[PDB]
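Order-wise, the sequence lines are chains A, B, C, D, E, F, G and H.
Sequential numbering from 77 applies to the first sequence in full-length UniProt numbering.
Sequential numbering from 1 applies to the second sequence in full-length UniProt numbering.
Sequential numbering from 4 applies to the third sequence in full-length UniProt numbering.
Sequential numbering from 34 applies to the fourth sequence in full-length UniProt numbering.
Sequential numbering from 3 applies to the fifth sequence in full-length UniProt numbering.
Sequential numbering from 20 applies to the sixth sequence in full-length UniProt numbering.
Sequential numbering from 2 applies to the seventh sequence in full-length UniProt numbering.
Here the eighth sequence stands for residues 9 to 125, 133 to 250, numbered as in full-length UniProt numbering.
Notes to accompany the following structure.
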Amino acid sequence: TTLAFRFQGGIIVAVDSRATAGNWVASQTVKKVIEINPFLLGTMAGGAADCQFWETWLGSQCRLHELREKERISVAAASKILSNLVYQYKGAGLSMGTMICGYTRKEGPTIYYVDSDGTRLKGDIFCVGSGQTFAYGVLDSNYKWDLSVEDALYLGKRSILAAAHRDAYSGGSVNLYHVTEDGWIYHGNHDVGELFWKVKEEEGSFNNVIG
Amino acid sequence: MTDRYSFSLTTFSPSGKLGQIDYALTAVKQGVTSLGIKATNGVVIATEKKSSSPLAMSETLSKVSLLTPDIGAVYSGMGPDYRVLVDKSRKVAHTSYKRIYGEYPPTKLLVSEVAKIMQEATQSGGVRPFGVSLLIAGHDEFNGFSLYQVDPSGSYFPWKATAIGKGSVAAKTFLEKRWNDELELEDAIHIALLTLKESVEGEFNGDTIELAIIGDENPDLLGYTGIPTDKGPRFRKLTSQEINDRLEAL
Amino acid sequence: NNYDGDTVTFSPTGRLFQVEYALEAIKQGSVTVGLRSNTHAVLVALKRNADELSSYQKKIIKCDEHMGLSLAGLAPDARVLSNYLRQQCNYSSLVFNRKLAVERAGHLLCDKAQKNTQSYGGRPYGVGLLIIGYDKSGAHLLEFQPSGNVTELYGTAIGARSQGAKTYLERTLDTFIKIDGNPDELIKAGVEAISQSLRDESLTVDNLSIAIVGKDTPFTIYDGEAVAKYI
Amino acid sequence: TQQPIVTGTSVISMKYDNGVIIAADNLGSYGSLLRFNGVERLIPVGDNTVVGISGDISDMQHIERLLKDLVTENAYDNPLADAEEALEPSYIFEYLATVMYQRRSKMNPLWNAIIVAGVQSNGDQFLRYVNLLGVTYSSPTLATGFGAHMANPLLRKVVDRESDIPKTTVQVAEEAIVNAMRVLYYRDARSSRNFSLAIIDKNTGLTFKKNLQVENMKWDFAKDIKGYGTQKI
Amino acid sequence: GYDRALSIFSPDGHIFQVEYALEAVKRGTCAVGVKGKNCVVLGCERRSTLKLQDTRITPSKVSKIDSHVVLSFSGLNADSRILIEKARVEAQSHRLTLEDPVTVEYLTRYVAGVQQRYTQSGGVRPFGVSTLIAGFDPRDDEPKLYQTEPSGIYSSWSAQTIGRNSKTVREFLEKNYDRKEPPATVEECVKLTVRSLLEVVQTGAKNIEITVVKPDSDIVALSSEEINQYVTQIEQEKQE
Amino acid sequence: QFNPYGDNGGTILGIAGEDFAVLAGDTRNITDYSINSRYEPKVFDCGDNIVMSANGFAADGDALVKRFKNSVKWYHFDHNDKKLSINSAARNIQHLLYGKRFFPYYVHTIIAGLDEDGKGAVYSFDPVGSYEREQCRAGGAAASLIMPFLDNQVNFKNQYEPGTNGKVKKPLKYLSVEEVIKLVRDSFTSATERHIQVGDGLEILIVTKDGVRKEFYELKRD
Amino acid sequence: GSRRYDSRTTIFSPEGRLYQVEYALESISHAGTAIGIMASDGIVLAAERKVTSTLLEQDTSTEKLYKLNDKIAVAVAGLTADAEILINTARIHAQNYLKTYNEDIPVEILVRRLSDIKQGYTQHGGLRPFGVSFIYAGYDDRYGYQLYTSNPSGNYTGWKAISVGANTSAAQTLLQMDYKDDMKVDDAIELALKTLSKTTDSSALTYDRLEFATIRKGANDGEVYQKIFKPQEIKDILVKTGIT
Amino acid sequence: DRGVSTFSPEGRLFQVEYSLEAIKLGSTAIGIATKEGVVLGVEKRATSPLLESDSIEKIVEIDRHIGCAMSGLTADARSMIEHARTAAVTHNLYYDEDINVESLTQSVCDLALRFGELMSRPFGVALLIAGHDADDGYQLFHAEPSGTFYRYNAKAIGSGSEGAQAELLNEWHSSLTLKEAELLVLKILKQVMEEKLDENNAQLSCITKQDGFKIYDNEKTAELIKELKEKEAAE
């Protein structure tokens, strides 16, 4: 489960940390956010290798653009480098669900959805992965453009938690990011084990689980 | 190793001359006389068989070559250059025409293809021009009878009658006097033998003279019967005996 | 004169001038010495600087754990040939689990150099190499010349004023050949040998470059304070 | 991608105190168990290494030529070709192992199981296995095909671990190999009575026994067996 | 393929084929570039030895690379077409991958890169062409004017001229162009460009071409009568 | 049709301490229900204080280790005998593995060593080169048997402080090399009992600042 | 090696000229004169055959004037063999454009591409350039009637009236003198012949030494006809203008 | 004519020796290495006063830890810079680290001799490559078109090189501060430059471990030029 949404205070990016091989839980501490550059973020869904290798390579391509043009790459240009690359490999079996999120003065806060079929979409809200439906249900219900930064951060965290619970192939921990004009800011790693019980107690939700 | 000569060996001199083409034409001038005459009902092409040795069998060396059933070629200049051009000419008549349209090319278009091969030897890397001039006589349904000259440059011109090689200047003057637009094929053969006697010095008979015609269709030379539309080749090479018969009434 | 335009042209006396000019690049190059016993083989190299503000050009290149060379002439050509030796040493290890024989190393350099003396467009290599190694038949020293001529020797020297060091090794032959199981003494003999090729300048700490390979000694290069012992 | 047509059955081998033993029957098996005698599957490479090959015969004969080719190549510009720079079992194995793996990676494998048996220059016994997948492993006892299932269990009673190799003599090892070959004859439909056995000993060199036959077989008890349960006659 | 190294070094450290390419440029008709406060103007000479010309269809001296960038040149006309085509292809290629039109500096750097590559590639001679590349970066009102030459060096100019008698018109611009206060309006900038060409041209009839480029893809070519009015005004003020 | 892949069984285990790291593996090589070898090492010293194992298809595992050892050799040649840091090795192996993304190496790869601050490091890779630094990782046949045990005994997961009503977790702490080798030995004897492809022998390579030390222990041969 | 025998056909002189291009232009200056004149209602192409022989077949001969498509023709000056290579290329380029867009190729696009091929032979390949200058006479629905020339350099330019080959200096002065913009085709025919008649190196200009062609809108309602004049039609137009 | 890869009777490659003559004609570039950083300075040398001097880029960033100054046929440097940037970024992709300054230099020098009858001629430009890495600290290298590179404590290339190098010989010591090195580059540039040195016709840069590679603003360089003049008048 990965989501990214635009609001008054910038972009919120939230992801889980579970990796699975069939029904086997391979890891719970996987970094599904690649940091690319100080104003650019990438989410990873689908093949772990495909996403990790082609987003680490996208950071290299973005660095080269800034060395040759003496200017940071735009979110539009960075997203299209990745989308044009995966389109070359179309039908070879690459599996990727990715979101390129960043701020630049000329674009403002921007989110691009890019997948291995070659789809490239600009949007205010995106949820990608097996748990995307669970995340969407929470986000869409409580999403306002004029959300406070503190509320937006919580909603992203809360939306991943919802997906982590209901989706078998999502879980482990929640990783939170906030993107503004000054760049992206890490808002920590929240273990779902501890988070779930805190949220249940404070929010009064999750009444379907044996309290 | 490998062909490192990927640059032109024929270039413009400050005077605007293409040296290697000019020199190729000089080689043609040294060549044995050959001529062509166009009649109303056919075309004749003729040349001397300059025999290298009397021990040599002059029959085996063919200066007059069939290109298609209705097109024949003779040359002046370097024999080997002619032999490979005939091979390339026969093949291009098939690859670039017959295998596409299911019929043999018209004279002007086969000439055009031969001209193209000779132009390429003028501009391509690591090659000299062909040291020959060709006279190509042919017939086709929509253009009728025609006679073309092709030069080392790749240039071609249609002729009523002409000559190339050793005694061409004198031969062309002779043809200008004798040629009219009402000539029958037998008359053109007669004039061809008269014109060629001037340029030949030694023996003048059917064994030292090579002569072919583009005339009527020859059913007897086709090799099969049963298809009415197939009436046989218009190209016929005259025999040693057939030439000697026309030298008595000369 | 008329026959030195390229490497594909013999002279009327049967000489290849482009090869002989490549050989000349080596004579201009800084002196390097090679010598061996039955147990160890040593390379000693006089490194050359552009000026006092510059570093000293590295002369010794490692090819494997059991083999390496010193260069005199065009350094970039030494890089090309040493890289080729590294790959051939590496091919021998990966495919045959076999350390490449120093003799075969010679044969491969010879055949690579030769092809560049018979083909138009290409040029001969402009560097001479001294290859030392320890393989299954003990210690070895080779002299490579870009003509393609490779020679197995007890000792030798190449570069400017190399004849001095080569004469010394010719005299000392019977002494240094029997320096078995004593690295420091064999190096000392190599340092005393290169000293016969010095004029005005003497061996300093950042000037001298030594390398050694042997029975229980991997190919190791000594530079800087590590060669202070032998001055 | 291919399918093997004519194949050789199991190759069996073990280490003893002073060397290794390798053996293989001389038979070519066709499609529906059709047989053909007259196929040597033991390839002596030099005088310190024997290569035993099972699987496709055509691919075996190709590998045979590579090894003959390899010996020729090693001699080229090599004064010590018959001494210090002579081919070693470890070199021959690594060449074959390299070829098998790059052939499987091109999806055009050599359909074989190979055991390289030899003694190294320092007298160390060398026994290693490679197959069409390029999979390699070493053990005190090595066998291919049926041999892995039936010969290995018998050979492992003699040499279960590395520490048993010094205690095992050539007389014991040869008996164990010759006994194992008889068991394979009893129970393998693609085996033959005739086999070849090769001994590589550091002290005595390489001994190559050819045209060998299975002897002291037990068949007498067959007369007492009647029907498949209830039949008395 | 034809491999021969045609551009090589001489003992004195010069590359004659690159330097002989500059001679081809010096032979070319004069081209001038003047950038104002809120515009750039490209003036171009047309030799008057060619009458009975069809000015409708004849290749124009100023070429649009994109809707916001223009390229003029001095030197071999045939060579210029190959640089203009490559530049036009790269302009559309940049829009396709970066989702933004080229900066004037980027388009210059590309053309200069092509010109450089032909100075150390086997089998090829350098371009007998220098270019003036002018326009406005996307969403930017700062005027840009760059020059390229056969060697492959490029640089930015307040004003610059290339081609035959360029040294004369460069002399004029060096004393008549103020860095601290450039031509404020379009009229002022066009006038200074025409004035600078009138030092060299001969007559101000069908011999001078003017193209005015303004921000946000606003490029227009002036007609004969429009240019002729500037010629008439300058000559009347001169007589003093 | 020819199948280019096989399963040679075996299981491997990496654990990172404070100032050390261990990489363990059983020495049994199998195909189907046969034992190929009772002692075939698949944990290798690669130089620069990096130990490696590529468990799964032995041919692909041997090929990858061979290629990485060669990568270390050429890193020395090309970068003035610079030491290859464990993080740099990990990135290099990603590129080796992803190089064959469309004809993968059927191996689970684990490397162990010290990071540039001298602290114990373990990296684990999927077949196509996705990698992650971990305190603890088991790989191969019996990974599913060993991994939950390590969660409990190394990372103290699901253990709470007695009396605290399950509010205060059992505090994380670094284990000694002696305590880690105990967990490795018990992990493998446990896996030997319940997994047919695991047994014969256990080879542990321990990596400290002093270098690479080996320990061997017998396992049941059934 | 082979470096010894390389003429280096694609290099600059110290003055910054292309040797082989300059020498090719020298070649073309000796070729028979070709004149193109563009009127308001059509285009004239007139060319002089190179010293004709009496026994040359005049009626079934094509030396100077070639058809590229139904709307575009060229007059040749230089090596005929070289011209035919380029003409066949141009004929293919025109059909490629028609196949792609289902529209007849605009005149300038065909000219630019043929000119770009010539340019290539001067900048790379190490081959001699094409010893050919073309006069392109064409019509399209954008610019209407158009005259262009190209030369071995690969440079091309547009014209109201132009000459290539021999005595262009003399020919261009006569055209510049008598040409005007509101001219008719019939007037342009008379100008073309009068110009050749005065510049020719021959004693007198006769039908047998001329090739002639017009591109008119003489066909019914908004369609272009290409008329390659027969020998007898040249004989008639030569008497009608009063040159014979 | 004659071959491109031909040896002279003295044993040098003609085309390499001739390229070194092209580099002598180039504008001056000076590098000084210290324990506090490496300073790079260049003579811009505008051909005309109308040419906007800020558009003359003869000091170039390769990575955050490696800078580059050029002298000679500067157009030839574009593909060398491209290769260096690609090598630096590619090495970071393969090994997740900064690439050694020596390894980057060695990579650039491997292009140098890839010419013959590959590209048609050697490069006509010399590079000063200045950088920092953890192993060998602050480094300055001189990359020639011969394929050879030397490390230098200080180095001048271009028209005024032989004069500038003699001045660097006396002035350079192992205890130079960064501020001292900046003034020293400006001092030696003003000595060998034709036109009078100001912030428009000269450019300074440095590479420090902390802030990486930075090209100095005209305002910053102007203050150091003013500081330089006062200190020379002070004694």
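We put the CB at the ideal spot given by N, CA and C, even for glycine.
*Collapsed DSSP secondary structure at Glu159(H) in the structure displayed*: Within the eighth sequence, numbered from 1, the residue matching residue 159(H) stands at position 144. Of the three classes helix, strand and coil, the one that applies to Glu159(H) here is coil, per DSSP.
*Considering only the beta carbon of each residue, do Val202(E) and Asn167(E) sit closer than 8 Å?*
Taking the first residue of the fifth sequence as position 1, residue 202(E) is located at position 200. Taking the first residue of the fifth sequence as position 1, residue 167(E) is located at position 165. Yes, Cβ-Cβ distance for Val202(E) and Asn167(E) is below 8 Å.
*asked:* Let me see if you follow: with CB-CB separation under 8 Å, is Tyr4(E) close to chain B or not?
replied: For this step, residue 4(E) is matched to residue 2 along the fifth sequence. Yes, contact with chain B.
*Where does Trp252(D) land, buried or exposed, given buried means 16+ other C-beta within 10 angstroms?*
Taking the first residue of the fourth sequence as position 1, residue 252(D) is located at position 219. Residue environment: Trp252(D) is assigned as exposed (fewer than 16 neighbouring CB atoms within 10 Å of its CB, all protein chains considered).
*Give me the Cα-Cα distance between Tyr20(G) and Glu27(G), rounded to the nearest whole angstrom.*
Counted from its first residue, the seventh sequence places residue 20(G) at position 19. Counted from its first residue, the seventh sequence places residue 27(G) at position 26. Distance between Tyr20(G) and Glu27(G), taken at the CA atoms: about 11 Å.
*Any residues in the region 67-101 of chain C with a beta carbon nearer than 8 Å to a beta carbon of chain F? Which ones, in chain order?*
So the list reads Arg89, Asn93, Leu97, given in the order they occur along the chain.
*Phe254(D), buried or exposed, once every other Cβ within 10 Å from all chains shown has been counted against 16*: Start at 1 with the first residue of the fourth sequence, and residue 254(D) comes out as number 221. Result: exposed.
*Mind the definition here: the region 166-185 of chain E touches the region 24-33 of chain E only if three or more C-beta pairs lie below 8 Å; say whether that holds.*
Between the region 166-185 of chain E and the region 24-33 of chain E there are three or more inter-stretch CB-CB distances shorter than 8 Å, so the stretches are counted as touching.
*Reference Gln246(D), options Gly85(D), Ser225(D), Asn81(D), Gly71(D), closest by Cα*: Looking up residue 246(D) in the fourth sequence gives position 213. Checking every option, the nearest Cα to that of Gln246(D) belongs to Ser225(D).
*Through-space distance from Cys127(A) to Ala154(A), alpha-carbon basis*: Counting from 1 along the first sequence, the entry for residue 154(A) is found at position 78. Counting from 1 along the first sequence, the entry for residue 127(A) is found at position 51. Looking at the two C-alpha atoms, the distance is approximately 15 Å.
*Whole-angstrom distance between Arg194(D) and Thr105(A), CA atom to CA atom*: Along the first sequence, one-based indexing puts residue 105(A) at 29. Along the fourth sequence, one-based indexing puts residue 194(D) at 161. If you draw a straight line from the Cα of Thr105(A) to the Cα of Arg194(D), it is about 43 Å long.
*Leaving out five residues on either side along the sequence, give the residues of the same chain with a beta carbon under 8 Å from the beta carbon of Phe179(D).*
Numbered from 1 along the fourth sequence, position 146 holds the residue referred to as residue 179(D). Excluding sequence positions up to five before and after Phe179(D), its CB lies within less than 8 Å of the CB of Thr42, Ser43, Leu217, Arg220, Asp221, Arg223, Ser224, all in the same chain and listed in chain order.
*Where do the N-terminal and C-terminal ends of the alpha helix (DSSP H) with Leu143(A) fall, by residue?*
As a first step, residue 143(A) must be located in the first sequence, where it is residue number 67. Taken as a continuous stretch (DSSP letters only), the alpha helix (DSSP H) holding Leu143(A) covers 124-145.
*Who are the near neighbours of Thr242(G) in its chain, counting only those whose CB is closer than 6 Å to its CB and skipping five residues on each side?*
Along the seventh sequence, read from residue 1 onward, the residue named residue 242(G) stands at position 241. Cβ neighbours of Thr242(G) beyond the five flanking positions: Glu191, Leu194.
*Residue from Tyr87(C), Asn52(C), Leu97(C) with nearest C-alpha to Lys85(F)*: Counting from one through the sixth sequence, the residue named residue 85(F) turns up at place 66. With distances taken between Cα atoms, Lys85(F) lies closest to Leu97(C).
*With 8 Å set as the bound, which would you pick, yes or no: does the beta-carbon of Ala162(G) sit closer than that to a beta-carbon of chain E?*
Counting from 1 along the seventh sequence, the entry for residue 162(G) is found at position 161. The beta-carbon of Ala162(G) is placed less than 8 Å from the nearest beta-carbon of chain E.
*Determine which residues of the region 28-40 of chain F have a Cβ less than 9 Å from any Cβ of chain D, and write them out in chain order.*
Against chain D - using a Cβ distance shorter than 9 Å - the region 28-40 of chain F contributes no residues.
*For chain G, find out if any of its Cβ atoms is closer than 8 Å to the Cβ of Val11(C); answer yes or no.*
Here residue 11(C) refers to the residue found at position 8 when the third sequence is read from its first residue. Using beta-carbon distances, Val11(C) counts as an interface residue toward chain G, with a partner under 8 Å.
*How about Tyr123(C): is its C-beta nearer than 8 Å to some C-beta of chain G?*
The count along the third sequence starts at 1 and reaches residue 123(C) at position 120. Contact with chain G is found for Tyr123(C), since one of that chain's Cβ atoms lies less than 8 Å from the residue's Cβ.
*From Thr200(G) to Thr57(E), what distance separates their C-alpha atoms?*
As a working note, residue 200(G) is residue 199 in the seventh sequence. As a working note, residue 57(E) is residue 55 in the fifth sequence. Between the C-alpha atoms of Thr200(G) and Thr57(E) there is a straight-line separation of about 27 Å.
*Can you tell me which of the three DSSP states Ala82(G) falls into?*
Counting from 1 along the seventh sequence, the entry for residue 82(G) is found at position 81. In the structure shown, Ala82(G) falls within a helical segment according to DSSP collapsed to helix, strand and coil.
*Proximal chain C residues relative to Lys101(F), where beta-carbon distance stays under 9 Å*: As a working mapping, residue 101(F) is identified with position 82 in the sixth sequence. None at all; the shortest Cβ gap to chain C is about 14 Å.
*Is any beta-carbon of chain H found at less than 8 Å from that of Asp97(F)?*
Walking along the sixth sequence from the start, residue 97(F) turns up at place 78. Interface residue, yes.
_Taking 6 Å as the limit between beta carbons, can you name the residues of its chain near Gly123(A), skipping five residues before and five after?_
Translated into the one-based positions of the first sequence, residue 123(A) becomes position 47. The residues are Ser171.
*Exposed or buried, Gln84(A), counting other C-beta atoms within 10 Å across all chains shown (16 or more means buried)?*
Taking the first sequence and counting its residues from 1, the one referred to as residue 84(A) is at position 8. Classification of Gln84(A): exposed, given that the 10 Å Cβ count is below 16.
*Identity of the residues DSSP links to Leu230(D) by a beta bridge*: Mapped onto the fourth sequence, residue 230(D) falls at position 197. DSSP lists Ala56(D), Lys242(D) as partners of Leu230(D).
*Using the Cα positions of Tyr142(F) and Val50(H), report the straight-line distance between them to the nearest angstrom.*
Here residue 142(F) refers to the residue found at position 123 of the sixth sequence. Here residue 50(H) refers to the residue found at position 42 of the eighth sequence. Each residue's CA atom was taken as its position, placing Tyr142(F) and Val50(H) some 47 Å apart.
*Under a CB-based cut-off of 8 Å, is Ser103(A) close to chain F?*
Sequence index remark: in the first sequence, residue 103(A) carries index 27 (1-based). So, interface residue.
*Which residues in the same chain as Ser240(B) place their Cβ atom closer than 7 Å to its Cβ, once the five residues preceding and following it in sequence are excluded?*
What you label residue 240(B) is simply residue 240 of the second sequence in a count that begins at 1. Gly206, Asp207, listed in sequence order.
_On a Cα-Cα basis, can you pick out the residue from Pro112(D), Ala231(D), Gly88(D) that is closest to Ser46(D)?_
For the purposes of this step, residue 46(D) is identified with residue 13 of the fourth sequence, where counting begins at 1. Considering only alpha carbons, the answer is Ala231(D).
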